[PDB]
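Structure first, then comments.
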2 protein chains.
Amino acid sequence: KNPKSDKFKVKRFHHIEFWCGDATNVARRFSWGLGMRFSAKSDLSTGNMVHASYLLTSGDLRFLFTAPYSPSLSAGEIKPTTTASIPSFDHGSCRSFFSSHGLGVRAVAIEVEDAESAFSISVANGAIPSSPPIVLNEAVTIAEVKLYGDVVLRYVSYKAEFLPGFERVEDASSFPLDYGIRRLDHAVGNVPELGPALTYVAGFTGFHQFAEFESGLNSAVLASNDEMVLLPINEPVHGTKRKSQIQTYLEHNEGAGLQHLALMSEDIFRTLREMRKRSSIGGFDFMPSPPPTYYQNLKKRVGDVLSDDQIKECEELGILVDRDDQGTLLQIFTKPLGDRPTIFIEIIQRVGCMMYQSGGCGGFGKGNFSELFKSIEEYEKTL
Amino acid sequence: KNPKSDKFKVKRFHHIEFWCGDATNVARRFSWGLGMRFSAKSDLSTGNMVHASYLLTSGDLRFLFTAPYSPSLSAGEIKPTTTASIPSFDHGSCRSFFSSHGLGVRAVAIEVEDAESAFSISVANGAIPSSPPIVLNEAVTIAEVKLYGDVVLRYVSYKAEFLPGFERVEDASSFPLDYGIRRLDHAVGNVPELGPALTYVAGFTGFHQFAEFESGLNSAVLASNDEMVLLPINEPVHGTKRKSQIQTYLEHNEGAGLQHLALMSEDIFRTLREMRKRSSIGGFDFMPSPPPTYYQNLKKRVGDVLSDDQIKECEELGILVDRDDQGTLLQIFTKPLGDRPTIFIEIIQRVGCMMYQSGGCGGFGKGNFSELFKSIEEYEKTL
Ligand SMILES: Cc1nn(C)c(O)c1C(=O)c1ccc2nnn(Cc3ccc(F)cc3)c(=O)c2c1C
Ligand SMILES: Cc1nn(C)c(O)c1C(=O)c1ccc2nnn(Cc3ccc(F)cc3)c(=O)c2c1C
Ligand SMILES: [Co+2]
Ligand SMILES: [Co+2]
């Protein structure tokens, strides 16, 4: 059931912005680890005396990395005279965010028809304003409201590359890396209390609950009208034998924030081969693979969707598989992206629900908790 | 002339410590860009609730990357009960350093015979104490005094891998990268006033001035008894046509700090081939190469040291060449390591002064300023 209750016209995920202490080193690490190209910049070389911002792209996926310069470089400026290309940026907010949370997502940006309208309707419907609508070069409008913790939902609308004031990156500095990642599938937040978080966000967006089918969490997924913008939210389950990973996140992150980004691949096998080649040479590590009992149990569950060779290829790469009543998904999770056990990345590919592919085809893999537990004691018994 | 006036026994450079906002991403970028292996760690997985520290090695070169965790993880601790592996670490100092300077060197560490003695004699001779001597696991002693800006000179002495509380990194996570870098040759500071900086440091170390042979700077080099610990210091020259790069550093760094690290290669041609292959895929960029007039002028200056092919190989890689009355050096400079135009790296190889090779063989390349200017207008005229 999809009531299509969006209070304003939402298009697609537009970009994700990381707040960094040094944007250069994070962007270069991510570029190599994920196979994303350097595509735009806004920094001292483009006249920006306020912040350094570097944009990586792979397909339609856009990762922005931003860090503050010394405030002394821009001490003469006022907001009317700012050289910042992102007017919502604030030195104090950025430094406070990174010292509080470490490396993490500041903004989940979605493209909308009219960012000023989206902002007004959101705030009229309970959203906490973060940055009012600002029109950039009479061409693009940006506005921000609080999502959870210190994460903002950023509205972007275009009258008609990335943002005014950003320059395209020269070919010499722009190596065409590509490991197959194509777009952001969903972005997941961790909060202490799911109920009030859901009520707040569904309250100001009109996003509806996306239907699903003791793992340490309770979850729910908010979705736009065509279910292409997907925002899951988790809360911890306390008292459990194993401590909730949601609680660990909240402790090390100093509260609520973005837990993981799920990146759709057009060929998850190629993506994982390329990423795993680079894990120990600057890229990303992956969670430990499931036991072979898990892959021995895959024939009975998805043997009609994946060949034996394709299942063996999942085993080689540590890929997980789950299935809806309507589709199948392949997924795998990285280890945390930075020092703290907080944000990580999921790589995903979805099989089915063809019409284009409908959003969320196959679900989000919640069945992989019990299957993993089931594989673990089975492999212990086989030993 | 070398008076050998060291006030305590100094051995070699031991390590360089970067203070980071996220040590993981910087260490992974540097590892790939410079061909350094992950060799030790101290972090949550080793019981350290205070800071994340990752050690990269190439030959005898040791780069340490450290960032703070949330203070809440260690709020119950006191210094007697600390889980920090580096007792001088302070959350507030680290956050203040990185917000003030961005990514940069906090500590230049030298190995000494007796770190407590080195500390006492230094402070008795004018050094500003930063962290008193602390004995780690009855095995290693560490102490720190101020060097310039917020950079400390760290004394390490061993009674008898890296530091107690660090664990060696597992083979799977430790890929044996190596592009030929072997040790730290020198570490250079920028200050507003050279005179008082020299008087202070030579005052408490007994380091002597290393003899040399309008570029925007005045410089002098302090050296230990065997001239293997080399600490150059620069001040800006104001009024010049082109603005001093030393002044630009001081402005963007918010004052004095470490300007560049010079890393000796056992084969600078291999090192530069390997680094340049990776510049646009996560590694380091290099300054723009000199005009071919520079290499056309190399035959007359070093044609007795380098063959024509070896000179052509310098041209392919953008390497610079300078010569003493006693030796020749090959050198090249990276672009800044992070967002700000502050710290960069120099790769160097020295030819001559065999006895082992004596320190500073060939000088530091100060002659390359006039040669570069001379190449530039010559190439303009040839056009
Ligand atoms: C649920 C779920 N609900 N919604 C809306 C989602 O998007 C999801 C997921 O993506 C999903 C699905 C299956 C999984 N199976 N195992 N693990 C183990 C683990 C990995 C990294 C850690 F730091 C700690 C534990 C997972 O994390 C896991 C996730 C995170
Ligand atoms: C001097 C000197 N004295 N001592 C004790 C040293 O160690 C040195 C050097 O290493 C040395 C030698 C020759 C050079 N020729 N050209 N450039 C251009 C440039 C590069 C990066 C920038 F951000 C701005 C300008 C240099 O920097 C340069 C250096 C830095
Ligand atoms: Co997910
Ligand atoms: Co130098």
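Could you list B:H15, A:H208 so that the one with the fewest beta carbons within 10 Å of its beta carbon is first and the one with the most is last?
Working: B:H15 22, A:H208 19.
Fewest-to-most Cβ neighbours within 10 Å comes out as A:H208, B:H15.
Relative to the Cα centre, what is the charge dipole magnitude of the protein assembly as shown, using +1 at the beta carbon of each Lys and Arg, -1 at the beta carbon of each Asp and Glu, and rounding to the nearest 20 debye? Let's see the in-between values first.
On the way: 78 positive and 94 negative charges, 1 e Å.
That gives a dipole near 0 debye.
May I ask you to list the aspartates and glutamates whose Cα is less than 13 Å away from that of B:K79, ignoring any residue fewer than eight positions away on the same chain?
Qualifying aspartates and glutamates at Cα under 13 Å: B:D90.
Does segment A:307-383 come out rounded, prolate or oblate, given a ≥ b ≥ c as the square roots of the eigenvalues of its C-alpha gyration tensor, rounded meaning a/c under 1.5 and, failing that, prolate meaning a/b above b/c?
Working: a/c = 1.83, a/b = 1.17, b/c = 1.56.
It is oblate, given that a/c is not under 1.5 and a/b is not larger than b/c.
In nm, to one decimal, how far is the modelled label at B:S5 from the one at B:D90, with both set 7 Å along Cα→Cβ?
My value for the distance between the label points is 3.2 nm.
In terms of Cα to Cα distance under 19 Å, which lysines are near enough to A:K300, apart from those fewer than 8 places away along the same chain?
Within the straight-line limit of under 19 Å, A:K300 reaches these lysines: A:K312, A:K366, A:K374.
To one decimal in nm, how far is A:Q245 from the same spot in the other copies, if labels go 7 Å from Cα toward Cβ? Please give the shortest first.
4.7
Note the direction-averaged projected area, equal to a quarter of the hull surface, for the Cα convex hull of chain B, in nm².
So the Cα hull casts an average projection of 19.6 nm².
Could you compute the FRET efficiency for A:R273 and B:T240, with r as their C-beta to C-beta distance and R0 at 45 Å, rounded to 0.05?
Values: r = 54 Å, r/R0 = 1.19.
Computed FRET efficiency for A:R273 and B:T240 comes out at 0.25.
Choose one of A:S215, A:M228, A:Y155: the residue whose Cα lies farthest towards the positive end of the charge dipole of segment A:103-258 (beta-carbon charges +1 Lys, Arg; -1 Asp, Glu; about the Cα centre).
Of the candidates, A:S215 comes out farthest on the positive side.
Is there a pair in B:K41/B:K159; A:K146/B:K335; A:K7/A:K146 whose C-alpha atoms are over 26 Å apart, and which pairs would that be?
A:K146/B:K335
Could you list, by residue number, the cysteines of chain A that have no other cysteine's beta carbon within less than 4.7 Å of their beta carbon?
For chain A, the answer is A:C20, A:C94, A:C314, because their Cβ atoms have no other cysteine Cβ under 4.7 Å.
Only four residue types carry charge here, +1 at the Cβ of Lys and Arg and -1 at the Cβ of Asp and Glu. Report the dipole size of segment A:10-173 about the Cα centre in Debye, rounded to the nearest 20.
It works out to roughly 360 debye.
Any idea which of B:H238, B:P196, B:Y295 is furthest toward the positive side of the dipole for segment B:181-380, if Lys and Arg beta-carbons carry +1 and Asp and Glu beta-carbons -1?
Checked the options; the winner is B:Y295.
In whole Å, how far is the Cα centre of segment A:213-259 from that of segment B:56-88?
Segment A:213-259 and segment B:56-88 have Cα centres separated by 30 Å.
In square nanometres, what is the average projected area of the Cα convex hull of the protein assembly as shown?
36.6
Arranged by the count of other C-beta atoms within 10 angstrom, fewest first, what order do A:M287, A:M264 take?
Working: A:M287 13, A:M264 23.
The fewest-first ordering by Cβ neighbours comes to A:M287, A:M264.
Answer rounded, prolate or oblate for segment B:10-173, using the Cα gyration tensor with square roots of eigenvalues a ≥ b ≥ c: rounded when a/c is under 1.5, else prolate when a/b is larger than b/c, else oblate. Numbers along the way, then the final one.
Values: a/c = 1.35, a/b = 1.22, b/c = 1.11.
Verdict is rounded for segment B:10-173.
Could you put A:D324, A:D43 in order, starting from the residue whose Cβ has the fewest other Cβ atoms within 10 Å?
On the way: A:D324 19, A:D43 23.
Fewest-to-most Cβ neighbours within 10 Å comes out as A:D324, A:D43.
Once every DSSP H run of n ≥ 4 in the protein assembly as shown is given -39500 (n - 2.57) and the sum is divided by its residues, what mean residue ellipticity at 222 nm do you get, rounded to the nearest 500 deg cm²/dmol?
Values: 20 runs with 196 residues, N = 766.
The helix-only estimate for the protein assembly as shown comes to -7500 deg cm²/dmol at 222 nm.
For every other residue with a beta carbon closer than 13 angstrom to the beta carbon of B:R350, add +1 if it is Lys or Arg and -1 if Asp or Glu, then tell me the sum.
Values: positive: B:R182, B:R183, B:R323; negative: B:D185, B:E227, B:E266, B:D267, B:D322, B:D324, B:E346.
After counting each charged neighbour, the total is -4.
Need the C-alpha centroid separation for segment B:1-25 versus segment B:307-383, integer Å.
With segment B:1-25 and segment B:307-383 each reduced to a Cα centre, they are spaced 23 Å.
Take the Cβ-Cβ distance between B:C353 and B:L383 as r, set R0 to 41 Å, and report the resulting FRET efficiency rounded to the nearest 0.05.
Result of the calculation: an efficiency of 0.60.
Along each principal axis of its Cα atoms, how long is segment A:1-101 end to end? Whole angstroms, biggest number first, please.
Each principal axis gives a Cα extent; for segment A:1-101 these are 54, 35, 28 Å.
In segment B:245-303, what chymotrypsin sites (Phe, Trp or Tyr not before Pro) fall in a loop by DSSP, with at most 13 other Cβ atoms inside 10 Å?
Nothing satisfies the criteria.
Quote the charge dipole size of chain A about the Cα centre in Debye, to the nearest 20; the model charges only the Cβ of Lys and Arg (+1) and of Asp and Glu (-1).
That gives a dipole near 240 debye.
Of all DSSP beta bridges located in segment A:260-383, what percent are antiparallel, nearest 5?
70
How much net charge surrounds A:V50 when only the other residues with a Cβ under 11 Å from the Cβ of A:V50 are counted, with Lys and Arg +1 and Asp and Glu -1?
On the way: positive: A:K79; negative: A:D43, A:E77, A:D90.
Taking every other residue near A:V50 into account, the sum is -2.
Skipping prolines and chain starts, which residues have an amide H placed within reach, meaning under 5 Å, of the one on B:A107, given they are 5 or more residues away or on another chain?
B:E17, B:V152
For segment A:181-380, state the semi-axes of the equivalent ellipsoid (square roots of 5 times the eigenvalues of the alpha-carbon gyration tensor), sorted largest first and rounded to whole angstrom.
Those come to 26, 21, 17 Å.
Cut-off 19 Å, label point 7 angstrom out along Cα-to-Cβ of A:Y158: give me the residues of segment A:1-36 whose amide nitrogen falls inside.
A:9-17
Spin-label point model (7 Å from Cα, Cβ direction): what's the A:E113 to B:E315 distance in nm?
Going from the A:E113 label point to the B:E315 one covers 6.3 nm.
Which of the GluC sites (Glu not before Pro) across segment A:237-316 are loop residues per DSSP, with 16 or fewer other Cβ within 10 Å?
Details: sites: A:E251, A:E254, A:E266, A:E274, A:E313, A:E315, A:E316; in loops: A:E254, A:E266.
Listed in order of number, the matching sites are A:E266.
How large is ³J(HN,Hα), in whole Hz, for each residue of segment A:116-125 in order, when computed from phi with the Karplus curve 6.51 cos²θ - 1.76 cosθ + 1.60 and θ = phi - 60°, using x for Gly and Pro?
Once θ is set to phi - 60°, the couplings for segment A:116-125 become 5, 5, 4, 5, 4, 4, 4, 5, 4, 10 Hz.
Throughout, read-outs are computed from the coordinates displayed, never taken from laboratory work. Methodologically, a virtual Cβ is constructed for each residue, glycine included, from the backbone with ideal geometry; neighbour enumeration extends over all protein chains shown.
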